[PDB]
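Quick heads-up: the structure tokens below are two forms of one chain, split into structure 1 and structure 2.
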Structure 1
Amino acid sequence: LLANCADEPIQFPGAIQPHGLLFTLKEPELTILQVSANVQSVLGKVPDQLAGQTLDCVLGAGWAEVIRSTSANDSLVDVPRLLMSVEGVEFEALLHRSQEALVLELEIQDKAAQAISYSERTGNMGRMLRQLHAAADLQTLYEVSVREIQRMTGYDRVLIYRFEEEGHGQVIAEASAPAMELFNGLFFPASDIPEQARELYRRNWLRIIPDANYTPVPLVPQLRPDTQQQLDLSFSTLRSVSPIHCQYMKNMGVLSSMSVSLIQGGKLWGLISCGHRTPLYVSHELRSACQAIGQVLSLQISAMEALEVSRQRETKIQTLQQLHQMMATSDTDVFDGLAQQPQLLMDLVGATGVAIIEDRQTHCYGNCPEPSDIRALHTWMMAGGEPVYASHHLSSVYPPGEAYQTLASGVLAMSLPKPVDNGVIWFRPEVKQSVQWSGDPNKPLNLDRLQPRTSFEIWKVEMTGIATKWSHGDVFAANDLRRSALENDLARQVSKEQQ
């Protein structure tokens, strides 16, 4: 029943939001296949008679000719601005193709939207990129990015919601209006954004919901007279959203949303979420500018993540070189010579326990668990086959790890690729962390049709059995130590065979 949250066909809602008009048409002659029901009020045209008719009937001859010229022999990926005044109401036109048919969306521009101009709100664009490149911290990047986005959009709340591996996400940047609830640092259940929503947003990197009280406007005819199926509004900005999400936004107290998908290597790294207490529409030009800001944000995040990884590598290079020098001139087994100086090995990874296993002898330094427990863990670790392994919560993946979770809640293990059972394990003790959640972690939904949770208060969750995160430099140091041990061990076996 929880999994029902990821079963709705969001790609085929059969309706569009009332803030615009939709026209799915045949490509060559621009004959109308289906039209949204909103044309009974806007432009005053009956949607039933608008079947198998050219765009000239409703949109006028000149605008239809312009659309025909634009869509002819074009990939529809570099279409310029298209603003039309159709019976005195202004529309911004976007073109794409769903299934061998031309889908055209007319976003209705109100007087407030017309007053807003793309020049002044994007005048500080170059200064914003200069600040982005000049920022030396990720927090500075987030702060200036959400500040600029709030400046152009004008929304009360702007969030940077980064997703985790399991699905749930965390807010890391917050820019809120006065007397407005703060979600900085709060974790949210994965049910807020289902797998279907994430999959859709991996392709469409821009979504806007001006109002949460809107009544969806159905598409007539519902079935296309081409394949007798439902129109795929996957890349359509004029797509009705699930009513559960509207109720969720109402429960949060916001009535307008605007999200830009952040993509890093084809994965939904995070979302630039936005929130307004009152309905308000954002022009498509500003939305595209925010999308470009999001792509630049992802690029700079990747750049500084690589910078941090290289900084950790540089600060661990000296320790790695010292350990390599000790290993090369020990004349004993590689891990024995490594264990000759235990404190240096400890500070190489910053762990409080060292366990070195070499063919039925295990040596423990510092805060070390029971040797039998470490042996059982080690024989479990070789089953995966990975040369190195890092785990910040051993009890989560290793059920018998709860007994010694107070002593060893973080395990960083690395072993040489030889039949002899050998390896090096670093243990980090548990740190008691009160993770902050927005609402009930154990009650994501008010089971009644699914209903979003009404309560949005901060809950403390004392998450036990989790140690300090292993940094990228930590696993880099483990891998470099493994490589040095490989080289030195090969040298020793070759020399021993020679002599």
Structure 2
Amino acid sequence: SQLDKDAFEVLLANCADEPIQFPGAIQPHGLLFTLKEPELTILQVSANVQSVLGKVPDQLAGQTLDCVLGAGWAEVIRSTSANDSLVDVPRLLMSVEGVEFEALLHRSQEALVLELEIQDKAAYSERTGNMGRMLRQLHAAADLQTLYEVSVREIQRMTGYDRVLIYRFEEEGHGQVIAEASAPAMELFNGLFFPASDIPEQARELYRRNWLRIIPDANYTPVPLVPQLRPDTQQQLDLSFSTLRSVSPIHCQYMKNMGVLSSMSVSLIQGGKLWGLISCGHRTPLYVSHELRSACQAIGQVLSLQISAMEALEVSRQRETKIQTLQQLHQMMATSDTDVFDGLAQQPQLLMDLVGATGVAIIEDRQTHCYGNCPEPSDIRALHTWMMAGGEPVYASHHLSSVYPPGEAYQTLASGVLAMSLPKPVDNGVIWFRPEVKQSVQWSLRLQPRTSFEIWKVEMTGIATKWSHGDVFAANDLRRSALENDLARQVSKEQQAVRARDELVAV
């Protein structure tokens, strides 16, 4: 209908600052209660109480829990809440009015948030053996990529979900799918990149503050919270930590377009930062039991530490190689005995791997020796003069188009440069080149992954992979090695001062 689309257009237009932390509604697979701290006085209740527990929500507000959940259950819950910090609380599978309810408790804004999750009747030794199997398989991962596919495949084996993907968030937000174990007759999303605008900052904060996000129904009607605002606090309700939180209609539409209806994502956090996400998707809606989502919560913590451990080892492994090859070039520089830059020119292949690049252009006056994928010599000549205007010793930039506007015709080859030139008056230098990230990636309406990929393409124009701290350190230290050898040649020019006394002696 025309009325329905009008609200969607406003919501879709303004999605970066949509207050998803205060949805004002919850998913229909649970009941939400706000309880006052001293006497468990009900502040606001989800309108689902009419459907289950058979109580009109108008007069339910302001009364004790005993009025709806019974005296004994309310006493048990009050005893559990007081002086417990609501951390690692054992599951309380209560049963009121013939409906099984799993009770999850937390607190926010000096109030108690109580979630009663309905357990389907149709829906431990086996689970324990599975956890050990997963721990063994994850520990056996020799490489990071092997860890990715092993983890994705075995999560699919555990949960039976029709798709499991792992997104890794790069430096500027953009996420990339790095592993996938999908059910037959489904799309292949491996290698796809999506823009950082696809996930808002509020969503990133919510994923960092939680571990599991479960959306059992994409085609779900949001049950509102009556009253919308808290009576005592005179404000909205904070549902950041609430499992029963309304998802934005934009994301529901996006999930429907992809073909998924039930989703479950496990956050991956390293050092207080969101490394990525483990997205599990299904076609037929399904509800994940407490045992299943307690196991997958433990999966994320194991993976987050394991990924962090291998990331540091890879950093150390490459850094040791950087210092190993840095000494090798220094030895080549000293024993070259031909020119300051000739020794580097003798091994162009080794020069690239020192920093990580695709082409180098070692320059000595009027001779622009270029190796690997590189622009035409005139542009390399042109690019050199721009950096000497600044006078900086080492200049690293992964976005040449936005700092050097004429560096656009060759942005497909030289999108990030790293140049080191000794301060001697004559021209000099070694310039490294990196390609656009968009060239490496190869992947097969709106609110679809196909549209997301194109938006990433138009935003990643002229951006190369960032120069790592080791890469800049490698260039900076090579400058010291070149400078140390350059001043040695200045010592060798004392032979001129040796002959100066010789032709003065004859006089």
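Numbering runs along the sequence of structure 1, starting at 1. Rigid core (definition): largest C-alpha set, two forms, superposition within 1.5 Å.
With the two forms fitted on their core, the C-alpha shifts between structures 1 and 2 stay under 2 Å for all of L297, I272, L106, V411 except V411.
For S310, the Cα coordinates differ by 2 angstroms or more between structures 1 and 2 after the core has been superposed. The Cα shift for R81 between structures 1 and 2, taken after rigid core superposition, is smaller than 2 angstroms. After superposing the rigid core, the C-alpha of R97 moves by less than 2 Å between structures 1 and 2. Core superposition places the C-alpha of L141 1.8 Å apart between structures 1 and 2.
Lined up on the core, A15 has its CA atom moved by 0.4 Å between structures 1 and 2. The Cα position of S455 changes by 8.8 Å between structures 1 and 2 once both are aligned on the rigid core.
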